[PDB]
Amino acid sequence: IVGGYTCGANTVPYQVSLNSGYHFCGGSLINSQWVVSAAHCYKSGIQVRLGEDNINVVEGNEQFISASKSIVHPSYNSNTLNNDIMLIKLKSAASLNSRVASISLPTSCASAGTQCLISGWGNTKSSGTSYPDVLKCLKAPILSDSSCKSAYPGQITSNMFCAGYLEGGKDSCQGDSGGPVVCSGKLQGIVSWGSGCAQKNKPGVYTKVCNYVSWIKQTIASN
Ligand SMILES: [Ca+2]
Ligand SMILES: [Mg+2]
């Protein structure tokens with residue numbers, strides 16, 4: 001997250017860190033047994049880490065649970081990143097408490113102008129590399145689809161939306177991939193892609209979760 005702030009320990013209780021010997025993507029807990037992340041974060045051998053703040057220090061509120069199965073969306077296209085979403089089932093149910101909570105799926109899509117909270121342990125520099133050890137947060141609004149499509153001609157589908165600041169300065173970045181975009185208490189997006197980070201006229205692109213609620217509900221109930 002570039003131009004964001006330190007969230008504070010366990011203030012984003014549904015945020016998860018996917019680890020394969022190191023943190024490589026974020027995710028969101030949707031219930032005690034399931035996590036949603038981005039399909040481009042797919043890897044075999046994932047351990048889901050819940051209740052994390054500093055990912056390099058065991059502070060006492062973590063729960064590390066291995067994944068039993070991963071399901072990438074049936075229509076995920078790695079070349080265009082269309083349908084960039086995946087579900088991960090935990091081998092054991094997480095213990096929900098104040099520090100570990102699930103986030104609600106949306107009943108409708110959010111409007112342009114709605115402010116959301118984006119979080120993650122990704123890069124914090126636009127030009128350079130600095131990976132933080134504690135969770136960073138960013139409040140950003142959903143942008144109109146017209147400004148989103150003008151920034152990326154021929155690359156935005158109805159399963160994506162842009163959020164951020166066209167002036168640049170504030171954005172999600174690599175390492176934040178797969179993490180949550182929560183607006184009005186519902187999980188509306190997943191950090192998917194963008195052009196560099198925090199660049200002028202290059203906002204971040206997010207998977208539009210409201211288009212996948214039936215697939216999510218149906219898939220978790222059958223697995
Ligand atoms: Ca920790
Ligand atoms: Mg994240």
Side-chain angles (χ1 to χ4, degrees), residues 1-30 34-43 46-67 70 81 84-88 94-95 97-103 105 116-126 129-140 142 160-164 170-183 186-194 197-198 203-209:
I1 298 290
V2 182
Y5 61 90
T6 302
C7 304
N10 312 120
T11 50
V12 190
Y14 51 81
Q15 169 85 230
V16 312
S17 163
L18 300 189
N19 183 292
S20 51
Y22 46 90
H23 163 86
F24 66 91
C25 274
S28 295
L29 183 64
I30 51 165
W34 296 86
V35 170
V36 57
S37 184
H40 77 264
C41 286
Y42 167 76
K43 281 185 171 156
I46 295 177
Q47 179 181 60
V48 177
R49 293 187 174 219
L50 316 174
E52 288 277 24
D53 181 36
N54 185 314
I55 53 172
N56 275 323
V57 179
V58 174
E59 300 185 280
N61 301 120
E62 306 85 344
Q63 286 181 56
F64 296 165
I65 308 169
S66 287
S70 297
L81 286 204
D84 191 13
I85 180 173
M86 158 183 82
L87 289 163
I88 300 172
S95 303
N97 59 61
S98 321
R99 295 165 264 233
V100 179
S102 50
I103 180 67
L105 293 180
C116 310
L117 179 67
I118 306 173
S119 52
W121 290 278
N123 194 6
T124 58
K125 298 286 167 293
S126 353
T129 304
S130 193
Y131 281 87
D133 293 316
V134 293
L135 192 68
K136 296 292 186 173
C137 282
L138 172 67
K139 281 178 174 61
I142 294 180
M160 305 168 187
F161 68 84
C162 287
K170 285 158 265 58
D171 192 6
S172 52
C173 198
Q174 16 254 99
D176 294 321
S177 305
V181 176
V182 175
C183 323
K186 312 292 184 168
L187 177 68
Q188 295 284 187
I190 298 170
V191 180
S192 185
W193 60 278
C197 307
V205 189
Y206 304 86
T207 303
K208 193 170 179 184
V209 183

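Sequential numbering from 1 along the given sequence is applied to the chain's residues. Atoms within a ligand are numbered from 1 in the order they appear, just like the ligands themselves.
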Peer 1: Quick one: side-chain contact (heavy atoms from CB on, under 4.5 Å) partners of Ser95, sequence neighbours excluded?
Peer 2: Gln63
Peer 1: Closer than 3.5 angstrom, by distance alone: can the side chain of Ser37 be matched with the main-chain N or O of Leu87 as a donor-acceptor pair?
Peer 2: no
Peer 1: Between the side chain of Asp171 and the main-chain N/O of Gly164, is any donor-acceptor distance below 3.5 Å?
Peer 2: no
Peer 1: Quick one: closest heavy-atom pair of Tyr206 and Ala163, and the distance?
Peer 2: CE1-CB, 3.6 Å
Peer 1: Sub-3.5 Å donor-acceptor pair from the side chain of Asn10 to the main-chain atoms of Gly51, do we have one?
Peer 2: yes
Peer 1: Give, for atom CG of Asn123 and atom SG of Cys197, the distance between the pair rounded to the nearest 0.5 Å.
Peer 2: 6.0 Å
Peer 1: Output, by chain and residue number, all protein N/O/S atoms separated from the Ca ion (ligand 1) by less than 3.0 Å.
Peer 2: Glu52 OE1, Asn54 O, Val57 O, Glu62 OE2
